[PDB]
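The chain below stands alone, shown as structure tokens; this is the form deposited in one PDB entry.
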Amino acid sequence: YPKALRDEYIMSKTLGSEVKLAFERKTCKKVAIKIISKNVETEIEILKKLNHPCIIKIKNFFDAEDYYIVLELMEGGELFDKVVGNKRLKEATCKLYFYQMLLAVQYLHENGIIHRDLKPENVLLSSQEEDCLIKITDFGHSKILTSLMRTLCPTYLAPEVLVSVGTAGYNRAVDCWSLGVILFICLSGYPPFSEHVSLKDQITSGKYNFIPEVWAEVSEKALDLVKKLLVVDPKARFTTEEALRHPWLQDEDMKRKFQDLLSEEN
């Protein structure tokens, strides 16, 4: 560990891989430190610009030799750990986590950011209590969306750079697909696509693995949302706005719980 950092942080045990637990040397507050060895520039620039209760905040950053990104500690661990092993969550807490997931992602998209790696390993939990805040992480591969304008306003441009352009404004739709895969998993405890017909075909065709026996402890509305995010056509697929107006999220009690949790955090 570089002198500047060890000078501020007492390093400590691994939280998984590398993310370490660490305590601020002056206050003894706990924090987490993501170590990346040698578009981290991109990650940092993003994490500094963004302010949202469901998006992880950066607290510090060291560059000498490896990158160390200092972050909020999330006592609840990654959501991955709640879903491994056909485990699976109670419908009402799926609802609670997914509301938050949709608010976060809506917020990236309104700020011209596509996350591009949404998966349960990248959704963190505030606390060990079932009802809690979730913060999304890992902007290593995100894209910040002016530049249509220069290509279009011409006579030399290949016809496929052209065609390609009428696609502009739909890349964010890969995040919505990803959220639908997360939701599917949370609701059911198994993955919709899986090598357990080949992965590629499965996904392009859009035919997720649907198990009636499993989905039967799940409401019609919830399943209706997943089906609407698992649409292969990016144009027709649900956006985060649509998913937030969907009847399943019209739940003022989960809405209630959430504002309650925002408040506890302040």
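Each residue number is its position in the shown sequence, starting from 1. Heads up, when I say rigid core I mean the largest set of C-alphas that superpose within 1.5 Å between the two forms.
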{"query": "Other entries lacking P247, at least a third", "finding": "no"}
{"query": "Unmodelled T14 in at least one third of other entries with both flanks present", "finding": "no"}
{"query": "Deposited but uncoordinated residues in the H196/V197 interval", "finding": "1 to 3"}
{"query": "Unmodelled deposited residues between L145 and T146, binned", "finding": "1 to 3"}
{"query": "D138, C-alpha B-factor rank within chain (lowest, middle or highest third)", "finding": "lowest"}
{"query": "Record-listed C-alpha B factor of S219: chain third", "finding": "middle"}
{"query": "Relative C-alpha B-factor of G85, binned into the chain's lowest, middle or highest third", "finding": "highest"}
{"query": "Position of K49 among the chain's modelled residues by C-alpha B-factor, lowest, middle or highest third", "finding": "highest"}
{"query": "For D117, the third of its chain into which the C-alpha B factor falls", "finding": "middle"}
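Another form, the form deposited in another entry, is not on view; read the next lines as being about it.
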item: CA of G85, rigid core aligned, shift of 2 Å or more between this form and the one not shown; value: no
item: Rigid core superposition, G112 Cα moves 2 angstroms or more between this form and the one not shown; value: no
